[PDB]
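Take a look at the structure set out below.
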Amino acid sequence: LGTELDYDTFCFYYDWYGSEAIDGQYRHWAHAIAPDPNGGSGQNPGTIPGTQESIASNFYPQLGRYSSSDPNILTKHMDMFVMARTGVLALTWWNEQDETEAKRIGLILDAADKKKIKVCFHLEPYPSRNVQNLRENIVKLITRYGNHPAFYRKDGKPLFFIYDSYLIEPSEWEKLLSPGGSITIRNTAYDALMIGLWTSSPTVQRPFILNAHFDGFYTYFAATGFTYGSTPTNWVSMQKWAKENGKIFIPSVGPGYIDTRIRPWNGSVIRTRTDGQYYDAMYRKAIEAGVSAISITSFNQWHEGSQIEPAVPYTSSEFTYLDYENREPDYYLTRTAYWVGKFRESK
Ligand SMILES: OC[C@H]1CC=C[C@@H](O[C@H]2O[C@H](CO)[C@@H](O)[C@H](O)[C@H]2O)[C@@H]1O
Numbered sequence: 083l084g085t086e087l088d089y090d091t092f093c094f095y096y097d098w099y100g101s102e103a104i105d106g107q108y109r110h111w112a113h114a115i116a117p118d119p120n121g122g123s124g125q126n127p128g129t130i131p132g133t134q135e136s137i138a139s140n141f142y143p144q145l146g147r148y149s150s151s152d153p154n155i156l157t158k159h160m161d162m163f164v165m166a167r168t169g170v171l172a173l174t175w176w177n178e179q180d181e182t183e184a185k186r187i188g189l190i191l192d193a194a195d196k197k198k199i200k201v202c203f204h205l206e207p208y209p210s211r212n213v214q215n216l217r218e219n220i221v222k223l224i225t226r227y228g229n230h231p232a233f234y235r236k237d238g239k240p241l242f243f244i245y246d247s248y249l250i251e252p253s254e255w256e257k258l259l260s261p262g263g264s265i266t267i268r269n270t271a272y273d274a275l276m277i278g279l280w281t282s283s284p285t286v287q288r289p290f291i292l293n294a295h296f297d298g299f300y301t302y303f304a305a306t307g308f309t310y311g312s313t314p315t316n317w318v319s320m321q322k323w324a325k326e327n328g329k330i331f332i333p334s335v336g337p338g339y340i341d342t343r344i345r346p347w348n349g350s351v352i353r354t355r356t357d358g359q360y361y362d363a364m365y366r367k368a369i370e371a372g373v374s375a376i377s378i379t380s381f382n383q384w385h386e387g388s389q390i391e392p393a394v395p396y397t398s399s400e401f402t403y404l405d406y407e408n409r410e411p412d413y414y415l416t417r418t419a420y421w422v423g424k425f426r427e428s429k
């Protein structure tokens with residue numbers, strides 16, 4: 083029918099939103115404003131309070147200041163994934179080690195399974211992250227969630243994305259990811275496809291990925307040109323290298339970027355949506371590169387204005403929000419479905 087989910091399409095999902103009613107605080111809708119890293123000492127940038135009128139986004143959610151732990155919001159999000167045809171929810175994971183995290187992960191898996199959506203984990207740069215506690219955490223996540231019907235596998239293996247994987251030396255990664263490594267996961271119950279973050283130039287990233295024994299790489303950033311890896315004119319050559327070296331390239335595409343409510347000094351990274359034309363151009367480049375899998379930045383990174391989740395026009399006494407302009411609130415979901423179709427036609 084051209085409506086089925088695609089299980090090689092990964093959409094980055096954030097579960098860090100709170101409401102006073104459910105979480106005791108409108109978590110993340112309230113957010114600190116970052117000081118300007120070039121702007122000198124004694125800045126008092128303040129905070130966005132997460133009131134109805136003033137939230138930590140340049141856009142405004144159709145669903146309002148929602149809780150990521152509200153089962154009724156989760157239902158709606160899964161129906162949005164079905165509309166977008168995105169079969170894998172790539173869940174931010176911060177190793178909070180608290181009952182609230184454990185509850186929310188279970189609720190997300192349960193809601194996903196009702197709609198045949200799958201869940202994989204996006205392993206964030208949590209405090210003191212290293213290959214030993216990464217192994218322990220991979221073991222824990224596979225043990226706790228690996229038998230859940232919504233847990234993702236690709237050809238029998240779990241898949242993890244590793245954000246800011248460059249913060250760990252290749253010599254450490256080798257211990258975890260080479261078949262001969264001291265603490266290897268290869269050939270164990272806990273083996274997985276490990277997808278590292280390709281940032282800078284090939285002279286740096288090619289030996290990094292090889293020496294670290296990653297199974298593949300992704301690029302994350304929604305803003306074209308932010309890094310070498312997030313410059314789509316490089317994607318044909320990145321794919322050629324991947325294929326020559328037995329690696330899985332999962333380029334990241336997004337609909338735009340803007341984070342100036344929380345980073346007022348970061349305007350150079352703004353990428354305008356142009357009624358969908360930015361998203362179309364980036365998704366076309368991914369497909370043309372001939373890749374096997376695509377990642378989407380993001381479902382709901384509202385702070386960075388990369389979300390495909392529905393947004394609505396809103397002007398409050400405190401801020402005039404951006405919105406989807408000439409397009410309807412669900413335009414980026416239905417346009418994602420269009421591109422998933424073009425991607426499948428290519429596979
Ligand atoms: O998921 C990978 C990566 C994507 C974007 C931002 C990163 O989080 C940091 O920035 C946000 C604001 O946009 C903060 O709310 C988080 O606390 C930061 O860690 C995220 O790691």
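Per my numbering, the sequence shown starts with residue 83, numbered consecutively. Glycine is no exception: its CB is placed at the ideal position from the N, C-alpha and C atoms.
Backbone CA spacing between residue i and residue j [nearest angstrom]
i, j, result
"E370", "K322", "12 Å"
"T225", "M276", "17 Å"
"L223", "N229", "10 Å"
"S380", "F92", "9 Å"
"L83", "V170", "20 Å"
"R345", "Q383", "14 Å"
"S282", "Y272", "30 Å"
"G311", "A114", "29 Å"
"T85", "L258", "39 Å"
"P127", "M364", "34 Å"
"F243", "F331", "12 Å"
"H110", "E326", "42 Å"
"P131", "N348", "20 Å"
"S319", "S123", "43 Å"
8 Å contact criterion, which residue i and residue j should meet: CB distance rounded
i, j, result
"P333", "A368", "5 Å"
"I390", "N140", "So it is not a contact: roughly 15 Å between Cβ atoms."
"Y227", "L191", "6 Å"
"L189", "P153", "6 Å"
Backbone secondary structure at residue i - three-state DSSP
i, result
"residue 431", "The question about residue 431 has no answer, for the chain in this structure spans 83 to 429."
"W317", "helix"
"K236", "strand"
"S260", "coil"
"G349", "helix"
"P153", "helix"
"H230", "coil"
"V164", "helix"
"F296", "coil"
The region 194 to 205 in contact with the region 230 to 237 per 3-pair CB rule at 8 Å: yes
Stretch pair the region 260 to 278 + the region 187 to 200: three plus CB contacts closer than 8 Å: no
Inter-stretch contact at 8 Å, needing at least 3 Cβ pairs: the region 205 to 215 / the region 174 to 188: yes
Sufficient close CB pairs (3 or more, under 8 Å) joining the region 150 to 157 to the region 406 to 414: no
Given 8 Å, three or more beta-carbon pairs between the region 289 to 299 and the region 345 to 361: no
Meets three-Cβ-pair contact criterion under 8 Å: the region 385 to 402 and the region 137 to 151: Touching, per the Cβ criterion.
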